[PDB]
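Below: final07.txt (compact mmCIF, C-alpha atoms and all ligand atoms)
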# COMPACT_ATOMS: atom_id res chain seq x y z
CA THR A 1 92.07 -71.99 1.96
CA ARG A 2 95.83 -71.99 2.54
CA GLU A 3 95.72 -68.51 4.09
CA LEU A 4 93.38 -70.00 6.69
CA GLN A 5 95.89 -72.63 7.81
CA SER A 6 98.54 -69.95 8.27
CA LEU A 7 96.21 -67.67 10.23
CA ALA A 8 94.77 -70.36 12.50
CA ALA A 9 98.22 -71.75 13.35
CA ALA A 10 99.78 -68.38 14.17
CA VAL A 11 100.28 -67.14 17.71
CA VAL A 12 98.22 -63.99 18.15
CA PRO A 13 100.44 -61.11 19.35
CA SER A 14 99.30 -58.96 22.28
CA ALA A 15 97.28 -55.78 21.78
CA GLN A 16 100.29 -53.85 23.08
CA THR A 17 102.60 -55.36 20.47
CA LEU A 18 100.05 -54.75 17.71
CA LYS A 19 99.49 -51.12 18.80
CA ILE A 20 95.75 -51.47 18.19
CA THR A 21 94.85 -49.49 21.31
CA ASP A 22 96.36 -46.33 19.79
CA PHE A 23 93.98 -43.86 18.14
CA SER A 24 96.87 -42.93 15.81
CA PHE A 25 97.17 -46.53 14.56
CA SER A 26 98.33 -47.07 10.96
CA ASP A 27 97.61 -50.20 8.90
CA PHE A 28 99.82 -49.20 5.96
CA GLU A 29 102.85 -51.26 7.05
CA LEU A 30 100.80 -54.37 7.81
CA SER A 31 100.27 -57.43 5.61
CA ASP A 32 96.78 -58.91 5.20
CA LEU A 33 97.75 -61.67 7.63
CA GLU A 34 98.81 -59.10 10.22
CA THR A 35 95.47 -57.28 9.93
CA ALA A 36 93.73 -60.61 10.46
CA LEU A 37 95.81 -61.24 13.59
CA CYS A 38 94.96 -57.74 14.80
CA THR A 39 91.29 -58.57 14.30
CA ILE A 40 91.48 -61.80 16.31
CA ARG A 41 93.14 -59.82 19.10
CA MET A 42 90.28 -57.30 19.04
CA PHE A 43 87.69 -60.05 19.59
CA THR A 44 89.84 -61.63 22.28
CA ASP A 45 90.57 -58.52 24.33
CA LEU A 46 86.95 -57.37 24.14
CA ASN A 47 86.03 -60.55 26.00
CA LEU A 48 84.04 -61.96 23.07
CA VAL A 49 85.74 -65.27 22.24
CA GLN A 50 85.27 -67.43 25.34
CA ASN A 51 82.25 -65.36 26.36
CA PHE A 52 80.30 -66.60 23.34
CA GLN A 53 82.16 -69.90 22.86
CA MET A 54 83.77 -68.95 19.55
CA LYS A 55 85.93 -71.72 18.07
CA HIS A 56 89.31 -70.42 16.93
CA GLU A 57 89.05 -71.99 13.47
CA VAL A 58 85.59 -70.53 12.92
CA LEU A 59 86.60 -67.02 13.94
CA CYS A 60 89.63 -67.21 11.65
CA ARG A 61 87.49 -68.44 8.76
CA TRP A 62 84.91 -65.69 9.35
CA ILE A 63 87.54 -62.95 9.43
CA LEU A 64 89.02 -64.19 6.17
CA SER A 65 85.56 -64.43 4.57
CA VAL A 66 84.85 -60.84 5.57
CA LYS A 67 88.19 -59.69 4.16
CA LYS A 68 87.56 -61.57 0.90
CA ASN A 69 84.10 -60.05 0.45
CA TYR A 70 85.54 -56.55 0.06
CA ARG A 71 86.52 -55.49 -3.45
CA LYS A 72 90.28 -55.02 -3.25
CA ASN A 73 90.40 -52.81 -6.33
CA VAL A 74 87.90 -50.27 -4.98
CA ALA A 75 90.26 -47.50 -3.83
CA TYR A 76 88.84 -46.58 -0.42
CA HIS A 77 85.91 -48.82 0.50
CA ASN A 78 87.90 -52.05 0.75
CA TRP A 79 89.05 -54.33 3.57
CA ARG A 80 91.59 -51.84 4.92
CA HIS A 81 88.86 -49.26 5.54
CA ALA A 82 86.69 -51.82 7.32
CA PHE A 83 89.69 -52.98 9.33
CA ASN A 84 90.54 -49.40 10.32
CA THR A 85 86.93 -48.74 11.31
CA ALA A 86 87.06 -51.78 13.59
CA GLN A 87 90.44 -50.72 14.98
CA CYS A 88 89.02 -47.29 15.84
CA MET A 89 86.08 -49.02 17.52
CA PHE A 90 88.53 -51.08 19.59
CA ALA A 91 90.56 -47.99 20.51
CA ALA A 92 87.41 -46.04 21.40
CA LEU A 93 86.22 -48.92 23.58
CA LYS A 94 89.63 -49.28 25.24
CA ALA A 95 91.61 -46.03 25.30
CA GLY A 96 88.37 -44.09 24.87
CA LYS A 97 86.86 -45.94 27.82
CA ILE A 98 83.52 -46.63 26.12
CA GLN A 99 83.62 -50.38 26.82
CA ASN A 100 82.27 -50.20 30.37
CA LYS A 101 79.30 -48.10 29.20
CA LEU A 102 78.04 -50.86 26.90
CA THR A 103 76.74 -54.41 27.23
CA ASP A 104 78.61 -57.49 26.00
CA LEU A 105 76.11 -57.90 23.15
CA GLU A 106 76.43 -54.27 22.10
CA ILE A 107 80.22 -54.66 21.96
CA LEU A 108 79.95 -57.93 20.02
CA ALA A 109 77.54 -56.30 17.57
CA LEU A 110 79.63 -53.15 17.15
CA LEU A 111 82.83 -55.02 16.30
CA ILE A 112 81.07 -57.30 13.83
CA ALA A 113 79.25 -54.31 12.32
CA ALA A 114 82.45 -52.25 12.03
CA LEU A 115 84.17 -55.09 10.17
CA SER A 116 81.14 -55.78 7.97
CA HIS A 117 79.66 -52.33 7.37
CA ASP A 118 80.96 -51.88 3.80
CA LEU A 119 80.91 -55.48 2.56
CA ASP A 120 80.96 -55.77 -1.24
CA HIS A 121 80.99 -51.99 -1.69
CA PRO A 122 80.91 -51.21 -5.47
CA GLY A 123 82.92 -48.01 -5.20
CA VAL A 124 79.97 -45.79 -6.10
CA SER A 125 77.44 -43.93 -3.92
CA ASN A 126 73.80 -44.55 -3.07
CA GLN A 127 72.88 -41.63 -5.32
CA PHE A 128 74.77 -43.19 -8.23
CA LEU A 129 73.03 -46.55 -7.74
CA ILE A 130 69.68 -44.80 -7.70
CA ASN A 131 70.48 -42.78 -10.82
CA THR A 132 71.67 -45.83 -12.76
CA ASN A 133 68.56 -47.83 -11.85
CA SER A 134 70.37 -50.42 -9.74
CA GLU A 135 68.21 -53.40 -8.78
CA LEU A 136 69.52 -52.83 -5.26
CA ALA A 137 67.96 -49.37 -5.19
CA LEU A 138 64.63 -50.77 -6.37
CA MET A 139 64.52 -53.51 -3.74
CA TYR A 140 65.27 -51.09 -0.93
CA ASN A 141 63.13 -48.18 -2.11
CA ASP A 142 66.18 -45.90 -2.56
CA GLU A 143 66.69 -45.90 1.22
CA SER A 144 70.21 -46.63 2.53
CA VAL A 145 70.65 -48.82 -0.54
CA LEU A 146 74.30 -49.77 -0.03
CA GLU A 147 73.92 -50.24 3.72
CA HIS A 148 71.04 -52.69 3.29
CA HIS A 149 73.28 -54.59 0.89
CA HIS A 150 76.19 -54.54 3.35
CA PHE A 151 73.86 -55.95 6.02
CA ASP A 152 72.62 -58.62 3.59
CA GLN A 153 76.23 -59.64 2.96
CA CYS A 154 76.95 -59.54 6.69
CA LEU A 155 74.17 -62.04 7.39
CA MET A 156 75.23 -64.21 4.47
CA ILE A 157 78.72 -64.64 5.91
CA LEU A 158 77.48 -65.12 9.47
CA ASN A 159 75.32 -67.99 8.19
CA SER A 160 77.91 -69.56 5.89
CA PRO A 161 79.08 -73.00 7.04
CA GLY A 162 82.26 -72.91 9.09
CA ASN A 163 81.88 -69.15 9.64
CA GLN A 164 79.11 -69.02 12.24
CA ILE A 165 80.76 -67.01 15.02
CA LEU A 166 77.33 -66.31 16.56
CA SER A 167 76.22 -69.95 16.66
CA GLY A 168 76.99 -70.05 20.38
CA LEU A 169 74.50 -67.38 21.41
CA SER A 170 71.21 -68.25 23.06
CA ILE A 171 68.06 -67.61 21.07
CA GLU A 172 67.38 -64.31 22.87
CA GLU A 173 70.97 -63.08 22.76
CA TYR A 174 71.16 -63.91 19.05
CA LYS A 175 67.97 -61.95 18.37
CA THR A 176 69.21 -58.96 20.34
CA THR A 177 72.62 -59.01 18.66
CA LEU A 178 71.37 -59.15 15.07
CA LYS A 179 69.10 -56.18 15.69
CA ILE A 180 72.03 -54.11 16.95
CA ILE A 181 74.18 -55.19 14.01
CA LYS A 182 71.58 -54.10 11.48
CA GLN A 183 71.13 -50.73 13.18
CA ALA A 184 74.89 -50.24 13.42
CA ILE A 185 75.46 -50.95 9.74
CA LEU A 186 72.56 -48.79 8.58
CA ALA A 187 73.95 -46.03 10.82
CA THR A 188 76.97 -45.79 8.53
CA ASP A 189 74.76 -44.22 5.84
CA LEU A 190 75.86 -40.59 6.27
CA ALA A 191 72.31 -39.60 5.33
CA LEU A 192 71.04 -41.16 8.56
CA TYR A 193 73.83 -39.54 10.58
CA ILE A 194 72.82 -36.11 9.28
CA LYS A 195 69.17 -36.93 9.94
CA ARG A 196 69.60 -38.11 13.55
CA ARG A 197 72.60 -36.15 14.85
CA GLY A 198 70.48 -33.08 15.59
CA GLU A 199 68.66 -34.98 18.33
CA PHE A 200 71.93 -36.29 19.76
CA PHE A 201 73.57 -32.85 19.84
CA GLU A 202 70.47 -31.26 21.39
CA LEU A 203 70.22 -33.83 24.18
CA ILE A 204 73.84 -33.13 25.10
CA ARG A 205 73.40 -29.36 24.83
CA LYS A 206 70.40 -29.43 27.18
CA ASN A 207 72.08 -31.87 29.57
CA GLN A 208 69.40 -34.47 28.86
CA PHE A 209 71.60 -37.18 27.35
CA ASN A 210 71.11 -40.45 29.22
CA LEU A 211 72.73 -43.73 28.15
CA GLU A 212 70.40 -45.65 30.47
CA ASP A 213 67.56 -44.68 28.15
CA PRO A 214 67.22 -47.45 25.50
CA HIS A 215 66.44 -45.03 22.68
CA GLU A 216 69.34 -42.71 23.50
CA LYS A 217 71.72 -45.68 23.82
CA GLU A 218 70.74 -46.75 20.31
CA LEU A 219 71.23 -43.17 19.09
CA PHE A 220 74.69 -43.14 20.68
CA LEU A 221 75.71 -46.43 19.06
CA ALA A 222 74.75 -44.96 15.67
CA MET A 223 76.88 -41.88 16.28
CA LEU A 224 79.78 -44.04 17.50
CA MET A 225 79.64 -46.03 14.26
CA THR A 226 79.88 -42.80 12.26
CA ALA A 227 82.78 -41.61 14.41
CA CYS A 228 84.69 -44.82 13.65
CA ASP A 229 83.70 -44.82 9.96
CA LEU A 230 85.14 -41.31 9.52
CA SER A 231 88.19 -41.95 11.71
CA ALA A 232 90.77 -41.40 8.95
CA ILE A 233 89.92 -37.70 9.35
CA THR A 234 91.44 -37.82 12.85
CA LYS A 235 94.72 -39.55 11.92
CA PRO A 236 98.19 -37.97 11.89
CA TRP A 237 98.63 -35.80 8.78
CA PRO A 238 100.71 -38.26 6.72
CA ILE A 239 98.04 -40.93 7.20
CA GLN A 240 95.12 -38.58 6.50
CA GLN A 241 96.87 -37.33 3.36
CA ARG A 242 97.35 -40.84 2.03
CA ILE A 243 93.80 -41.93 2.75
CA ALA A 244 92.35 -38.72 1.31
CA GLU A 245 94.07 -39.68 -1.94
CA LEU A 246 92.27 -43.04 -1.87
CA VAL A 247 88.94 -41.31 -1.27
CA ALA A 248 89.58 -38.93 -4.18
CA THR A 249 90.55 -41.83 -6.43
CA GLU A 250 87.27 -43.57 -5.69
CA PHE A 251 85.10 -40.44 -6.03
CA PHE A 252 86.81 -39.36 -9.26
CA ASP A 253 86.28 -42.85 -10.66
CA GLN A 254 82.56 -42.48 -10.01
CA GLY A 255 82.72 -39.06 -11.65
CA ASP A 256 84.09 -40.73 -14.77
CA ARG A 257 81.20 -43.21 -14.63
CA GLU A 258 78.71 -40.35 -14.29
CA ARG A 259 80.00 -38.54 -17.37
CA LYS A 260 79.69 -41.73 -19.42
CA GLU A 261 76.58 -43.39 -18.00
CA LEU A 262 74.56 -40.30 -17.06
CA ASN A 263 76.06 -37.76 -19.46
CA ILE A 264 76.42 -35.20 -16.67
CA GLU A 265 79.23 -33.07 -15.27
CA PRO A 266 80.01 -34.43 -11.78
CA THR A 267 79.91 -32.28 -8.67
CA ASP A 268 83.30 -31.01 -7.50
CA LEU A 269 83.67 -33.91 -5.06
CA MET A 270 83.61 -36.37 -7.95
CA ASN A 271 85.24 -34.14 -10.58
CA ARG A 272 88.87 -35.02 -11.28
CA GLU A 273 89.16 -31.94 -13.48
CA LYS A 274 88.57 -29.73 -10.44
CA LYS A 275 90.72 -31.63 -7.96
CA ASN A 276 92.12 -28.22 -6.97
CA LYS A 277 88.97 -27.95 -4.83
CA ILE A 278 90.07 -30.74 -2.48
CA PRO A 279 91.61 -28.60 0.30
CA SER A 280 88.60 -26.30 0.55
CA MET A 281 86.14 -29.20 0.35
CA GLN A 282 88.04 -31.01 3.11
CA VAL A 283 87.86 -28.01 5.43
CA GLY A 284 84.14 -27.70 4.77
CA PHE A 285 83.62 -31.42 5.37
CA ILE A 286 85.51 -31.23 8.65
CA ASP A 287 83.47 -28.24 9.80
CA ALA A 288 80.01 -29.43 8.73
CA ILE A 289 80.26 -33.17 9.38
CA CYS A 290 83.23 -34.08 11.56
CA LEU A 291 84.00 -31.61 14.34
CA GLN A 292 80.58 -31.66 16.02
CA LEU A 293 80.59 -35.45 16.16
CA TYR A 294 84.01 -35.79 17.76
CA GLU A 295 83.15 -32.93 20.11
CA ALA A 296 79.98 -34.76 21.17
CA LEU A 297 81.82 -38.07 21.56
CA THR A 298 84.42 -36.42 23.80
CA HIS A 299 81.61 -34.96 25.90
CA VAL A 300 80.31 -38.49 26.48
CA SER A 301 83.82 -39.80 27.16
CA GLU A 302 86.68 -37.35 27.67
CA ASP A 303 89.17 -40.10 26.89
CA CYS A 304 88.07 -39.90 23.25
CA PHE A 305 89.63 -36.44 23.01
CA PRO A 306 92.49 -37.68 20.79
CA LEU A 307 89.97 -38.17 17.97
CA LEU A 308 88.78 -34.57 18.23
CA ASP A 309 92.33 -33.30 18.61
CA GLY A 310 93.51 -35.18 15.53
CA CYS A 311 90.56 -33.86 13.54
CA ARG A 312 91.37 -30.28 14.52
CA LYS A 313 94.99 -30.70 13.46
CA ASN A 314 93.93 -31.96 10.05
CA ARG A 315 91.58 -29.02 9.62
CA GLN A 316 94.59 -26.76 10.16
CA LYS A 317 96.62 -28.72 7.61
CA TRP A 318 93.92 -28.61 4.94
CA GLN A 319 93.15 -24.94 5.59
CA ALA A 320 96.82 -23.99 5.19
CA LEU A 321 96.71 -25.55 1.73
CA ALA A 322 93.36 -23.97 0.86
CA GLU A 323 94.16 -20.37 1.79
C1 LIG A 401 87.60 -35.63 -3.56
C2 LIG A 401 88.00 -36.23 -2.37
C3 LIG A 401 88.83 -35.53 -1.47
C4 LIG A 401 89.23 -36.23 -0.20
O1 LIG A 401 88.02 -36.46 0.57
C5 LIG A 401 88.05 -37.09 1.75
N1 LIG A 401 89.20 -37.69 2.21
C6 LIG A 401 89.27 -38.34 3.41
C7 LIG A 401 88.12 -38.42 4.23
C8 LIG A 401 88.15 -39.23 5.74
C9 LIG A 401 87.10 -39.87 6.52
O2 LIG A 401 89.46 -39.18 6.22
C10 LIG A 401 86.91 -37.83 3.80
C11 LIG A 401 86.86 -37.15 2.55
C12 LIG A 401 85.60 -36.53 2.16
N2 LIG A 401 84.47 -37.23 2.14
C13 LIG A 401 83.27 -36.61 1.78
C14 LIG A 401 81.96 -36.99 1.66
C15 LIG A 401 81.41 -38.39 1.92
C16 LIG A 401 81.17 -38.63 3.41
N3 LIG A 401 81.26 -35.87 1.26
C17 LIG A 401 79.80 -35.80 1.00
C18 LIG A 401 79.35 -34.37 0.55
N4 LIG A 401 78.92 -33.96 1.90
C19 LIG A 401 77.53 -33.41 1.95
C20 LIG A 401 77.11 -32.99 3.36
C21 LIG A 401 79.04 -35.39 2.32
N5 LIG A 401 82.05 -34.84 1.13
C22 LIG A 401 83.27 -35.15 1.42
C23 LIG A 401 84.56 -34.46 1.46
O3 LIG A 401 84.65 -33.29 1.18
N6 LIG A 401 85.66 -35.18 1.83
MG MG A 402 79.40 -47.21 3.72
ZN ZN A 403 82.76 -47.19 5.79
Here is the file; what I need is its structure written in the form of structure tokens.
Amino acid sequence: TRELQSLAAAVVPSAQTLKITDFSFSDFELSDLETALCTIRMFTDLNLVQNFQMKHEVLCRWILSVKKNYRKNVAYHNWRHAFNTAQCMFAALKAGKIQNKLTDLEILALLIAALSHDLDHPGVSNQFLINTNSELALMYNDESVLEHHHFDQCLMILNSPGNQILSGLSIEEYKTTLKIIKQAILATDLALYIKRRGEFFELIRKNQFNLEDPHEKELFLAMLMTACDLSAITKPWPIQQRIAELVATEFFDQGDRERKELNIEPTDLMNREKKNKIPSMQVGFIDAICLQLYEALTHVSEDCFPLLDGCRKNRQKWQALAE
């Protein structure tokens, strides 16, 4: 406790004051308490609190439980990454004007999913867990191993006493919401993004994309989750540089684990000894994974252009270092 009393008693600053509507938002100068306040404001301004009768104390407790469940010493996949993913979701819904295209339940599910999508992340990839015979990999048949675990943790917190922010939903709304949350969290497995994005891009290319279609709406929500998950790649250069260092720290740590536990030379992405490959790998990552997604998102909502624009600027920055 303690931290809970401080959070629950604090006056929640406006979204304007907190700057959470800005796509260029930076969490670096914020304390943990400030990120928690930002999170309460996200729920509030997305019309989720009174809408679903959330008690202030319960929401505060839930937010703190989510924050605690991240491993602070994991370099990139920690609370700050989850918080930034949620902030990008808020900005996309607000400044990006996606909010009015979705239902209240979809919004509720997306914010919860964004905040919970990496819960208890071990700092190693699905491939690593599979190669080291993780019990997690066995239980989930090597499919989206981490993501199934993140969802498991998400449910655990949602059901923990004093943290039930969904206790006010009707039976049918609860059922609908949990299904969207699971799909949203699983969507953050880049393997599923690569597997399903082809369909999304094709629908748009052939002018067949229709949000009114249940299946396409679900496909869009998955893509939106990926767009928010990768959002650091759209941030102003100083921010992208700093976060890229965190990503490298985490990947190189896994590389160390691979040399010791698997007796193998890690791929460049996880090889500290070849860190000189970072600029070129970043450009390739932006081209193959990022640009098409932000281009597609902007097509759906022009107001999301800032994400694409920021991504393009970072490609230029990384390319200048690579050439
Ligand atoms: C060594 C690390 C260098 C820094 O790396 C980064 N820094 C920041 C971000 C971000 C979202 O801002 C992202 C990265 C970053 N992430 C990468 C990932 C995981 C999604 N992959 C795998 C391999 N590919 C197969 C298709 C998917 N390659 C990446 C890369 O080159 N860069
Ligand atoms: Mg993840
Ligand atoms: Zn993530």
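Between CA of residue 281 (chain A) and CA of residue 200 (chain A) there is a distance of 25.1 Å.
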If I put a ball of radius 12 Å at (94.8, -20.9, 1.7) in the file's coordinates, which residues poke into it when counting all atoms listed in the file, written as a list in words?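 With a cut-off of 12 Å, the residues come to residues 276, 277, 278, 279, 280, 283, 315, 316, 317, 318, 319, 320, 321, 322 and 323 of chain A.
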When you count all atoms listed in the file, which of these residues is closest to residue 205 (chain A): A:134, A:292, A:78, A:282? A:292
Selected residue, from A:189, A:22, A:135, A:143, that lies nearest to ligand ZN 403 (chain A) when counting only C-alpha atoms and all ligand atoms: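 When distances to ligand ZN 403 (chain A) are compared using only C-alpha atoms and all ligand atoms, the smallest one comes from A:189.
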Separation of CA of residue 312 (chain A) and CA of residue 90 (chain A), in Å?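 We find that CA of residue 312 (chain A) and CA of residue 90 (chain A) lie 21.6 Å from each other.
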Nearest to residue 107 (chain A) by atom-to-atom distance, counting all atoms listed in the file, from A:43, A:220, A:174, A:70: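 Among A:43, A:220, A:174, A:70, it is A:43 that comes nearest to residue 107 (chain A).
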Top pick for closest residue to residue 187 (chain A), considering A:56, A:67, A:242, A:117 and counting all atoms listed in the file: A:117
Residues within 9 Å of ligand MG 402 (chain A) should be enumerated using all atoms listed in the file and returned as a ChimeraX atom specification. /A:77,117-119,121,125,146-147,150,185-186,188-190,229
Please write the residues from the selection above to a file, keeping C-alpha atoms, as an mmCIF file, keeping the file's coordinate frame.
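Final output, saved to out.cif:
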data_model
loop_
_atom_site.group_PDB
_atom_site.id
_atom_site.type_symbol
_atom_site.label_atom_id
_atom_site.label_comp_id
_atom_site.auth_asym_id
_atom_site.auth_seq_id
_atom_site.Cartn_x
_atom_site.Cartn_y
_atom_site.Cartn_z
ATOM 1 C CA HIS A 77 85.910 -48.820 0.500
ATOM 2 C CA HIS A 117 79.660 -52.330 7.370
ATOM 3 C CA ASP A 118 80.960 -51.880 3.800
ATOM 4 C CA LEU A 119 80.910 -55.480 2.560
ATOM 5 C CA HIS A 121 80.990 -51.990 -1.690
ATOM 6 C CA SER A 125 77.440 -43.930 -3.920
ATOM 7 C CA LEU A 146 74.300 -49.770 -0.030
ATOM 8 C CA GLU A 147 73.920 -50.240 3.720
ATOM 9 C CA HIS A 150 76.190 -54.540 3.350
ATOM 10 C CA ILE A 185 75.460 -50.950 9.740
ATOM 11 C CA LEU A 186 72.560 -48.790 8.580
ATOM 12 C CA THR A 188 76.970 -45.790 8.530
ATOM 13 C CA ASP A 189 74.760 -44.220 5.840
ATOM 14 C CA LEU A 190 75.860 -40.590 6.270
ATOM 15 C CA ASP A 229 83.700 -44.820 9.960
#
Looking at A:300, A:9, A:228, A:244, which one is nearest to ligand ZN 403 (chain A), with distances taken over only C-alpha atoms and all ligand atoms? A:228
Using all atoms listed in the file, find each residue with an atom at most 6 Å away from ligand LIG 401 (chain A) and format the answer as a ChimeraX atom specification. /A:230-233,240,243-244,247-248,251,269-270,278,281-282,285
Write the selection just made, keeping C-alpha atoms, as an mmCIF file, keeping the file's coordinate frame?
data_model
loop_
_atom_site.group_PDB
_atom_site.id
_atom_site.type_symbol
_atom_site.label_atom_id
_atom_site.label_comp_id
_atom_site.auth_asym_id
_atom_site.auth_seq_id
_atom_site.Cartn_x
_atom_site.Cartn_y
_atom_site.Cartn_z
ATOM 1 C CA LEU A 230 85.140 -41.310 9.520
ATOM 2 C CA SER A 231 88.190 -41.950 11.710
ATOM 3 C CA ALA A 232 90.770 -41.400 8.950
ATOM 4 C CA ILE A 233 89.920 -37.700 9.350
ATOM 5 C CA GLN A 240 95.120 -38.580 6.500
ATOM 6 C CA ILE A 243 93.800 -41.930 2.750
ATOM 7 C CA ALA A 244 92.350 -38.720 1.310
ATOM 8 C CA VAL A 247 88.940 -41.310 -1.270
ATOM 9 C CA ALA A 248 89.580 -38.930 -4.180
ATOM 10 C CA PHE A 251 85.100 -40.440 -6.030
ATOM 11 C CA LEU A 269 83.670 -33.910 -5.060
ATOM 12 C CA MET A 270 83.610 -36.370 -7.950
ATOM 13 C CA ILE A 278 90.070 -30.740 -2.480
ATOM 14 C CA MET A 281 86.140 -29.200 0.350
ATOM 15 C CA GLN A 282 88.040 -31.010 3.110
ATOM 16 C CA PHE A 285 83.620 -31.420 5.370
#
Using all atoms listed in the file, determine which residues lie at most 12 Å from residue 212 (chain A), disregarding the query and same-chain residues fewer than 6 positions distant; provide the list as a PDB file with C-alpha atoms, in the frame of the given file.
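In the end it all went to selection30.pdb:
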ATOM      1  CA  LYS A 101      79.300 -48.100  29.200  1.00  0.00           C
ATOM      2  CA  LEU A 102      78.040 -50.860  26.900  1.00  0.00           C
ATOM      3  CA  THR A 103      76.740 -54.410  27.230  1.00  0.00           C
ATOM      4  CA  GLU A 218      70.740 -46.750  20.310  1.00  0.00           C
ATOM      5  CA  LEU A 219      71.230 -43.170  19.090  1.00  0.00           C
ATOM      6  CA  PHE A 220      74.690 -43.140  20.680  1.00  0.00           C
TER       7      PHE A 220
END
Of the listed residues A:27, A:173, A:45, A:253, that which approaches residue 84 (chain A) most closely, counting all atoms listed in the file: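 Distance minimum relative to residue 84 (chain A) lands on A:27.
You will find CA of residue 260 (chain A) at 23.0 Å from CA of residue 120 (chain A).
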Which residues come within 9 Å of region 160-164 of chain A, counting all atoms listed in the file, excluding same-chain residues fewer than 2 positions away, as an mmCIF file with C-alpha atoms, keeping the file's coordinate frame?
data_model
loop_
_atom_site.group_PDB
_atom_site.id
_atom_site.type_symbol
_atom_site.label_atom_id
_atom_site.label_comp_id
_atom_site.auth_asym_id
_atom_site.auth_seq_id
_atom_site.Cartn_x
_atom_site.Cartn_y
_atom_site.Cartn_z
ATOM 1 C CA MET A 54 83.770 -68.950 19.550
ATOM 2 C CA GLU A 57 89.050 -71.990 13.470
ATOM 3 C CA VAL A 58 85.590 -70.530 12.920
ATOM 4 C CA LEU A 59 86.600 -67.020 13.940
ATOM 5 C CA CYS A 60 89.630 -67.210 11.650
ATOM 6 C CA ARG A 61 87.490 -68.440 8.760
ATOM 7 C CA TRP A 62 84.910 -65.690 9.350
ATOM 8 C CA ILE A 63 87.540 -62.950 9.430
ATOM 9 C CA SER A 65 85.560 -64.430 4.570
ATOM 10 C CA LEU A 155 74.170 -62.040 7.390
ATOM 11 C CA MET A 156 75.230 -64.210 4.470
ATOM 12 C CA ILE A 157 78.720 -64.640 5.910
ATOM 13 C CA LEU A 158 77.480 -65.120 9.470
ATOM 14 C CA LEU A 166 77.330 -66.310 16.560
ATOM 15 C CA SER A 167 76.220 -69.950 16.660
ATOM 16 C CA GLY A 168 76.990 -70.050 20.380
#
